[PDB]
Ligand SMILES: CCCCCCCCCCCCCCCCCC(=O)OC[C@H](COP(=O)([O-])OCC[N+](C)(C)C)OC(=O)CCCCCCCCCCCCCCCCC
Ligand SMILES: CCCCCCCCCCCCCCCCCC(=O)OC[C@H](COP(=O)(O)OCCN)OC(=O)CCCCCCCCCCCCCCCCC
Ligand SMILES: CCCCCCCCCCCCCCCCCC(=O)OC[C@H](COP(=O)(O)OCCN)OC(=O)CCCCCCCCCCCCCCCCC
Ligand SMILES: CCCCCCCCCCCCCCCCCC(=O)OC[C@H](COP(=O)(O)OCCN)OC(=O)CCCCCCCCCCCCCCCCC
Ligand code: SF4
Ligand code: SF4
Ligand code: SF4
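Structure representation (structure tokens):
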């Protein structure tokens, strides 16, 4: 159940001693290393042509946050505050009140994307699939406060990315 | 000899982008000149191969 | 005018040479260093963009802060930033460099590296993917592309 | 007089060297440059909320530290994962072991000067990060291994790709081993370097390869076994001289034996659920959260309060690729930990750095900091 | 149930051992080739 | 997999190994990115009788 | 007219040094399973130009120097010695055809350590001075085996004439009677130029600005290309038809490029020697074999009646 690495004794006949001296004087394993590097010279490299080629992803990928709507335009979020209760970074801040038709909705839904650890506990705690961590990873900003999303930015992320978010949830919800 | 087929594939990559003009266009915009099956095109002009 | 055209072409030339030859000094603070190393790995391959792998700080063009900036190392970050020659740029990478992240309420964490050094590009993630870091580096190159040093110099 | 150098932070490490010319008389590693106060932040967060901190300790061994914390919480909860979750945990723990040993060997070669197998083996490491992203959605910090099992079942066609990876990965180990093992320059940088006796290795709190390079026959997957390591068949590599070269060979052979374990885990994956079927610990399915009243109450209370862990203290140690990774978890009966001490092997290894670099030279210090696979996230917490 | 499972015949056998192929000539033959190249050059 | 047999033979000679049998670049032998939908099993506690939580 | 010949020597030296950086980044790309630069120019051909313009408009590093004189004269000496090693090189005909071109190149390569020593003392850093003294000691160490191997080969040449070294190899490459000398010469020229696996300076001029550091860099690559051309002439010397010199020019060009690619292919393969290990490599491995082969190559043209001609 165990094996000894590096517990070989070299032979001491004239054959193997001359083999080790030929390896010393003729640099044979160094030529072996040159041969391996020369072998990789004549391979196709693994390099994709970004931005024109993209690395392969899965439908479970956890990128930029978005707030989804029902297929009637009504937003799914009903202010239950499970997502800021489970948020390990406390990146989510929610404030709510009943709006003009009596619906339980949020007035504040903020996600500090610089606090966020992108672990997706908010999408798996959400009982109505409102907050999702969608596919977008190319949302780098030139300013720190541009990574402090309010509810309007997250609803625009949902309206921007719903055509892809709904297909990823369709491909993945049976594992959940 | 199979170097000849390599040269023929390079020349028909030159032929496949619409000639030398489209070849240099994709060479300087993409840094890659290989041809592919046109899968689609969106409402902006992005072409997908 | 003629001189406006000359300084516009000279700005285009020097902006081309400064964005197509970016040399990064990467702070390997925390887990974001692993994904920087994947951005240097053969798949994403920073070197084909002119972005060399592990240049020295006294000749680098961009400081990539990749990982948590603690209180014990914030003067070392500012000192290495001060040793960089101009034009120097700073890319913030991942949540702890951006705003403190998962250690935002910690006693021993600087809450964002922009309390220490001026930051040009904020790359978000935990960690951001190597493709996302490369997106941030290309957005830095586009920011260098629209600089107007000689045009404003001719207009001052 | 004698020389005193400060190899500063220009992970990261400050080193205060007392040299006597070329020799090294004293090596003082000043650390704390990535001390973030993790195990104080754990005290104000629930057990599920404290789980993603363990991803970021040994940030090249993510699912291993997830597994150690999950085993600590499941030990205090007196519940056990289902068998399929156990085989998935051992499978991704050995994939994590391949990740960590590629990082270890290729950066240990990069710092010495062999910069090429770095690029050769990070493509394989890129493919294993695609396996992590397919199983959990993030490439490094998955938050996948949870107390009760894992978070989500394997997507269909993942095991065929783990097969296609494992079939070809031994040739990658062979060409790494072609570049470095018989290489005379690599042997001249690692043979006489940092010889650790077995008694001082037991005394200094060393663990893993740092013991097994010195001939101590100790592996926690054999002696104190966890999830299904008593059901897989593998060998434990043992060194002979306690140096950097034997520890290199032990890590290459642990990549070999991890490939063996991954083949056995692909051939022996059982059917069944992946969480514990106690819905007071692991959350119910989303289809039954949205239909059952008990399951909605349990979803609400687990994702807001969390499960209450019974009061007690445990030290749960697993065999992470850097060695014995331990969690001393103290629970006061609430849904948040009272205390979580995180034992990591690199802390005791970097404590023994000063003995290991006595009588050596300055360019041997980088070889000794390489043979102890030191990730400063796990050292400084 | 439809679950991620290995196929019924299992997976194929997976290499996990060292294969350093032991190529090259013998040491006697390598010294013979080198000394013969010396003799050709000297002549 | 696109290399001609001269370059392929030079590559297999320089490495000394049969590299086309074990290529580190992935091709059509991988799983499909679109999968048929699963049906995950229930656990042992999904029962309607003899399933008291106190046991 | 002669000034045109001097400029057509020394300007394509600087152009070939500019594109050796591109060839190095591409070859170490494809040998490390990746690509080299291919975005900046078409196939990356504008990478040296973009690199040079980036280095030449960078802010000066503004050093506090122990000397002004040595801090300015070290790049000037480095570039001057890097350009004057090319003038006796037969390619098939040299710019300055001289009787003692081999000894000339050995002398002007021995003078190149003053750039390292002056640039190390002209920095206020003590670590830069230690690294510069270690680099100087390495270089003067391997100059010994350069001189003795060079002497043993010129025992088969007949004189110190570099153009006679093409006549010497008309029937056979001189790598055949002198392949241990050739392999120790190759590793010794690898250890002259601080090239990997002997590059301890990358594992001495950290106070120079980006411009003068590029000047040291381009003097170093002029030395690399020059020593590969000199090794090509001295061990793998090509056929020379006097009526068509382009045959020998194309032939030694292809061999010199393959030998420079062999430098790039060695730096992508090996870890660095520790300092005392390559001191052990010189003084205890290369030097005894070099002395024994020097005795052999003295006594061998006498015992075979193959003493080469004096003229
Ligand atoms: C010019 C064109 C190219 C020329 C060839 C060069 C290209 C090949 C380069 C390969 C990569 C090299 C990278 C750097 C390697 C540096 C390390 C190294 O090799 O160290 C040298 C190593 C050092 O030894 P070592 O470190 O490997 O071994 C241990 C050494 N001790 C015991 C001291 C600890 O070997 C040598 O020094 C040998 C030098 C060449 C010897 C040539 C001998 C020829 C045969 C003579 C006859 C022998 C038989 C007996 C007598 C018979 C009489 C009839
Ligand atoms: C009075 C009128 C004249 C005034 C003086 C000017 C004289 C001429 C000076 C040179 C040319 C100046 C213009 C420079 C380019 C301006 C346009 C530009 O920047 O185009 C960008 C384009 C690349 O586009 P990019 O955004 O990189 O797209 C990436 C694709 N994925 O870029 C390209 O496609 C390539 C850009 C190449 C730039 C020119 C070549 C470099 C300069 C050569 C001469 C100077 C250096 C000489 C050698 C130095 C030492 C080695
Ligand atoms: C011994 C020989 C040594 C040779 C050394 C050099 C080798 C490489 C030579 C270059 C190879 C080809 C380079 C082509 C570069 C790309 C040119 C180009 O198209 O640039 C586009 C850019 C912007 O154009 P724009 O107006 O935006 O057009 C968009 C259209 N919708 O427009 C521009 O950038 C403006 C045009 C700039 C052209 C610069 C070309 C490169 C100059 C390099 C300097 C050296 C030249 C050779 C000298 C020695 C030989 C004579
Ligand atoms: C710190 C200051 C600045 C440093 C940078 C600049 C200086 C260092 C770099 C340049 C070094 C210059 C070396 C000058 C002499 C080189 C040796 C030499 O001339 O050998 C060639 C040749 C002998 O061969 P032969 O064939 O016999 O002559 C033709 C007869 N058929 O001999 C001849 O053909 C003789 C030709 C006439 C004599 C030439 C003398 C040149 C001027 C004197 C040296 C100038 C430099 C002084 C400083 C040196 C470095 C400190
Ligand atoms: S992904 Fe995690 S850290 Fe980010 S908002 Fe959601 S729960 Fe919070
Ligand atoms: S996003 Fe979901 S979890 Fe958060 S408050 Fe809204 S409904 Fe609740
Ligand atoms: S933002 Fe997160 S993953 Fe990134 S370095 Fe910080 S702790 Fe690690």
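Protein chains in written order, with my numbering: chain A, 743 to 918; chain B, 22 to 70; chain C, 363 to 518; chain D, 2 to 382; chain E, 80 to 122; chain F, 5 to 59; chain G, 51 to 361.
Beta carbons are placed, not taken as given, at the ideal position from N, Cα and C, and that holds for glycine.
> Considering residue 840 of chain A, what are the terminal residues of the beta strand (DSSP E) in which it resides?
Replying inline: If you number the first chain from 1, residue 840 of chain A lands on position 98. Segment 834-840, the beta strand (DSSP E) holding residue 840 of chain A.
>> Beta carbons nearer than 7 Å to chain G: which residues of the stretch 114-138 of chain D have them?
In response: For the stretch 114-138 of chain D, which is checked against every Cβ of chain G, the residues closer than 7 Å are 114, 115, 117, 120, 121 and 124.
> Closest Cβ-Cβ distance between residue 187 of chain D and chain G: below 8 Å?
Replying inline: For this step, residue 187 of chain D is matched to residue 186 along the fourth chain. By this cut-off, residue 187 of chain D is an interface position.
> Which ranges would you report for the beta strand (DSSP E) in the stretch 809-863 of chain A if only whole runs of at least 3 residues count?
Replying inline: Runs of the beta strand (DSSP E) inside the stretch 809-863 of chain A: 834-840 and 846-854.
> How would you write the range of the alpha helix (DSSP H) that residue 347 of chain G sits in, first residue to last?
Replying inline: By one-based count along the seventh chain, residue 347 of chain G stands at place 297. 337-353 is the span of the alpha helix (DSSP H), which, as asked, contains residue 347 of chain G.
>> So with CB distances below 8 Å, who are the chain D contacts of residue 27 of chain F?
In response: Translated into the one-based positions of the sixth chain, residue 27 of chain F becomes position 23. Chain D residues near residue 27 of chain F: 169.
> According to a CB-to-CB cut-off of less than 7 Å, which residues of the stretch 26-38 of chain D neighbour chain C?
Replying inline: Result list: 33, 34, 35, 36, 37 and 38.
> What in chain C is Cβ-close to residue 10 of chain D, meaning under 7 Å?
Replying inline: Residue 10 of chain D sits at position 9 when you count from the first residue of the fourth chain. Ordered by position in chain C, the residues that pass the 7 Å Cβ test against residue 10 of chain D are 435 and 438.
>> For ligand 2, I want to know if residue 42 of chain B counts as a neighbour, meaning its beta carbon is within less than 7 Å of at least one of the ligand's heavy atoms.
In response: Taking the first residue of the second chain as position 1, residue 42 of chain B is located at position 21. No, ligand 2 has no heavy atom inside 7 Å of this Cβ.
> Of the residues D:19, D:15 and D:45, which one's Cα is nearest the Cα of residue 31 of chain D?
Replying inline: As a position in the fourth chain, residue 31 of chain D is number 30, starting the count at 1. Residue D:15 is the option with its Cα nearest to residue 31 of chain D.
> Applying a beta-carbon distance threshold of less than 9 Å, which residues of chain C neighbour residue 142 of chain D?
Replying inline: In the fourth chain, residue 142 of chain D corresponds to position 141, counting from 1. Within chain C, the residues near residue 142 of chain D are 393, 488 and 489.
> Which residue from G:104, G:295 and G:127 puts its Cα closest to that of residue 449 of chain C?
Replying inline: For the purposes of this step, residue 449 of chain C is taken as the residue at position 87 of the third chain. Proximity to residue 449 of chain C across G:104, G:295 and G:127 peaks at G:104, based on C-alpha coordinates.
> Taking Cβ positions only, does residue 208 of chain G come closer than 8 Å to chain C?
Replying inline: Start at 1 with the first residue of the seventh chain, and residue 208 of chain G comes out as number 158. No - not a single Cβ of chain C is within 8 Å of the one on residue 208 of chain G.
>> DSSP three-state label for residue 359 of chain D, please.
In response: Numbered from 1 along the fourth chain, position 358 holds the residue referred to as residue 359 of chain D. Here DSSP, grouped into helix, strand and coil, assigns residue 359 of chain D to coil.
> Measuring CA to CA, which of D:361, D:276, D:55 and D:202 is closest to residue 240 of chain D?
Replying inline: For the purposes of this step, residue 240 of chain D is taken as the residue at position 239 of the fourth chain. When each option's Cα is compared against that of residue 240 of chain D, the closest is D:202.
> Which of the three DSSP states, helix, strand or coil, is assigned to residue 368 of chain C?
Replying inline: Along the third chain, read from residue 1 onward, the residue named residue 368 of chain C stands at position 6. The answer is helix: DSSP assigns residue 368 of chain C an H, G or I state.
> So with Cβ pairs under 8 Å, would you call residue 27 of chain B a contact of chain F?
Replying inline: On the second chain, position 6 is the one that residue 27 of chain B refers to. Yes, because at least one Cβ of chain F sits closer than 8 Å to the Cβ of residue 27 of chain B.
>> Excluding the 5 residues flanking residue 339 of chain D on each side, which residues of the same chain have their C-beta closer than 8 Å to its C-beta?
In response: By one-based count along the fourth chain, residue 339 of chain D stands at place 338. Sequence-distant partners of residue 339 of chain D (beyond 5 residues in either direction) whose C-beta falls short of 8 Å from its own C-beta, in its chain, are 44, 331, 332 and 333.
> Where do the ends of the alpha helix (DSSP H) carrying residue 101 of chain G lie?
Replying inline: Residue numbering aside, residue 101 of chain G sits at position 51 when the seventh chain is read from its first letter. Under the DSSP assignment, residue 101 of chain G falls in the alpha helix (DSSP H) whose first and last residues are 97-106.
>> Rounded to whole angstroms, what is the Cα-Cα separation between residue 170 of chain D and residue 195 of chain D?
In response: Taking the first residue of the fourth chain as 1, we reach residue 170 of chain D at position 169. Taking the first residue of the fourth chain as 1, we reach residue 195 of chain D at position 194. Cα to Cα, residue 170 of chain D sits roughly 30 Å from residue 195 of chain D.
> Between residue 272 of chain D and the rest of its own chain, which residues show a CB-CB distance below 8 Å, the 5 nearest in sequence each way excluded?
Replying inline: For the purposes of this step, residue 272 of chain D is taken as the residue at position 271 of the fourth chain. The residues 85, in chain order, have a CB closer than 8 Å to that of residue 272 of chain D in the same chain once the five nearest residues on each side in sequence are set aside.
>> DSSP three-state label for residue 148 of chain G, please.
In response: Numbered from 1 along the seventh chain, position 98 holds the residue referred to as residue 148 of chain G. Correct three-state label for residue 148 of chain G: coil.
> When burial is assigned at 16 or more other CB atoms within 10 Å of the CB, is residue 100 of chain E buried or exposed?
Replying inline: As a first step, residue 100 of chain E must be located in the fifth chain, where it is residue number 21. The residue is exposed, with fewer than 16 neighbouring Cβ atoms inside 10 Å.
>> I'd like to know whether the C-beta atoms of residue 872 of chain A and residue 818 of chain A end up nearer to each other than 8 Å.
In response: Locating residue 872 of chain A in the first chain gives position 130, where the first residue counts as 1. Locating residue 818 of chain A in the first chain gives position 76, where the first residue counts as 1. Their beta carbons are under 8 Å apart, which means residue 872 of chain A touches residue 818 of chain A by this criterion.
> Is the closest heavy atom of ligand 1 to the C-beta of residue 107 of chain E under 7 Å?
Replying inline: Residue numbering aside, residue 107 of chain E sits at position 28 when the fifth chain is read from its first letter. With a cut-off of 7 Å, the C-beta of residue 107 of chain E is classified as distant from ligand 1, since no heavy atom of the ligand falls inside that distance.
>> Going by C-alpha to C-alpha distance, which of C:518, C:409, C:431 and C:498 sits closest to residue 93 of chain G?
In response: On the seventh chain, position 43 is the one that residue 93 of chain G refers to. Residue C:409 is the option with its Cα nearest to residue 93 of chain G.
> In the DSSP assignment, what are the bridge partners of residue 807 of chain A?
Replying inline: For this step, residue 807 of chain A is matched to residue 65 along the first chain. A:875, per the DSSP bridge assignment.
>> Suppose you measure from the CA of residue 284 of chain G to the CA of residue 138 of chain G; what does that come to, to the nearest Å?
In response: Position 234 of the seventh chain, counted from the first residue, corresponds to residue 284 of chain G. Position 88 of the seventh chain, counted from the first residue, corresponds to residue 138 of chain G. Those two C-alpha atoms are separated by around 13 Å.
>> Along the chain, where does the beta strand (DSSP E) containing residue 26 of chain D start, and where does it finish?
In response: As a working note, residue 26 of chain D is residue 25 in the fourth chain. If you look at residue 26 of chain D, you'll find it in the beta strand (DSSP E) that goes 25-31.
> So which residues of chain E does residue 227 of chain G contact, with C-beta pairs closer than 7 Å?
Replying inline: Residue 227 of chain G sits at position 177 when you count from the first residue of the seventh chain. Ordered by position in chain E, the residues that pass the 7 Å Cβ test against residue 227 of chain G are 117, 120 and 121.
>> Using beta carbons (cut-off 8 Å, strictly below), is residue 38 of chain F in contact with chain B?
In response: The sequence position of residue 38 of chain F within the sixth chain is 34, counting from 1. False, the Cβ-Cβ gap to chain B never drops below 8 Å.
> Below 8 Å between beta carbons: does that hold for residue 313 of chain D and residue 49 of chain D?
Replying inline: As a first step, residue 313 of chain D is located in the fourth chain; it is residue number 312 there, counting from the start. As a first step, residue 49 of chain D is located in the fourth chain; it is residue number 48 there, counting from the start. At a Cβ-Cβ threshold of 8 Å, residue 313 of chain D and residue 49 of chain D do not count as neighbours.
> Which bits of chain B does residue 88 of chain G rub up against, with CB to CB less than 7 Å?
Replying inline: Numbered from its first residue, the seventh chain carries residue 88 of chain G at position 38. Neighbourhood of residue 88 of chain G in chain B, by CB distance below 7 Å: 52, in chain order.
> Could you give the residue range of the beta strand (DSSP E) that holds residue 327 of chain D?
Replying inline: If you number the fourth chain from 1, residue 327 of chain D lands on position 326. 324-332 is the extent of the beta strand (DSSP E) around residue 327 of chain D.
> If you compare alpha carbons, which of D:10, D:26, D:9 and D:12 is closest to residue 2 of chain D?
Replying inline: Here residue 2 of chain D is taken as the residue at index 1 of the fourth chain, counted from 1. That would be D:26, whose Cα lies nearest to the Cα of residue 2 of chain D.
>> Give me the residue from D:74, D:159 and D:35 with the minimum Cα distance to residue 799 of chain A.
In response: One-based indexing of the first chain puts residue 799 of chain A at position 57. Nearest of D:74, D:159 and D:35 to residue 799 of chain A, Cα basis: D:159.
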